[PDB]
Each structure stands twice: as C-alpha cells, then as structure tokens.
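The structure appears below as structure tokens.
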Amino acid sequence: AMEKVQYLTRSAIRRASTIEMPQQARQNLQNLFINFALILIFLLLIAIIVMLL
C-alpha cells in the first residue's frame with residue numbers, strides 16, 4: 001500500500017479514544033453526546049427564560 005493520509009498511522013498506539021483527523025467526530029457516541037449536551041443546554045436556557053426572568 002501507499003500512504004495518502006495519516007489518519008490510521010499517526011499516534012496509532014498512543015491516541016486511545018482520540019482521533020488524528022480533520023473531522024471532529026467519527027463514532028456515534030461522540031455524536032450522541034453532543035446531541036444530549038445540546039438538549040441539556042437548551043433545557044437550561046428555557047428554564048431560565050421562564051423561571052428567572
């Protein structure tokens with residue numbers, strides 16, 4: 001084979017649960033965690049503008 005991008009060679013035995021890529025997410029737990037965080041900060045926002053304001 002020939003390398004064209006380092007995404008599987010760079011830090012292969014060092015990166016653990018992190019990724020060496022120009023793409024912020026590649027696995028669905030990353031995607032669903034940010035989805036849950038968006039839901040939770042949206043819930044916090046609407047709690048404030050209904051109960052503090």
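In the structure tokens, each chain is lettered A, B, ... as it comes, each chain's residues begin at 1, and ligands are numbered from 1 in order of appearance.
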**Q.** Near-residue A:21 list (10 Å; only C-alpha atoms; drop same-chain fewer than 6 positions) as number ranges by chain
**A.** A: 5-8, 10
Convert the current residue selection to file output with C-alpha atoms, as a PDB file, in the first residue's frame.
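Saved to part-v2.pdb:
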```pdb
ATOM      1  CA  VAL A   5      -3.409  10.461   4.763  1.00  0.00           C
ATOM      2  CA  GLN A   6      -2.026   9.854   8.275  1.00  0.00           C
ATOM      3  CA  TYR A   7      -5.368   9.120   9.982  1.00  0.00           C
ATOM      4  CA  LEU A   8      -4.567   5.461  10.838  1.00  0.00           C
ATOM      5  CA  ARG A  10      -0.271   8.802  13.327  1.00  0.00           C
TER       6      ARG A  10
END
```
Q.
as a VMD selection string, please: every residue in stretch 2-51 of chain A that DSSP puts in alpha helix (DSSP H).
A. chain A and resid 28 to 51
Q: For atom CA of residue A:3 and atom CA of residue A:28, determine how far apart the two atoms are, in Å to one decimal place.
A: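 Pair atom CA of residue A:3 / atom CA of residue A:28 returns 26.4 Å.
Omitting residue A:34 and its sequence neighbours fewer than 6 positions away, and counting only C-alpha atoms, the residues within 12 Å are residues 24, 25, 27, 28, 40 and 41 of chain A.
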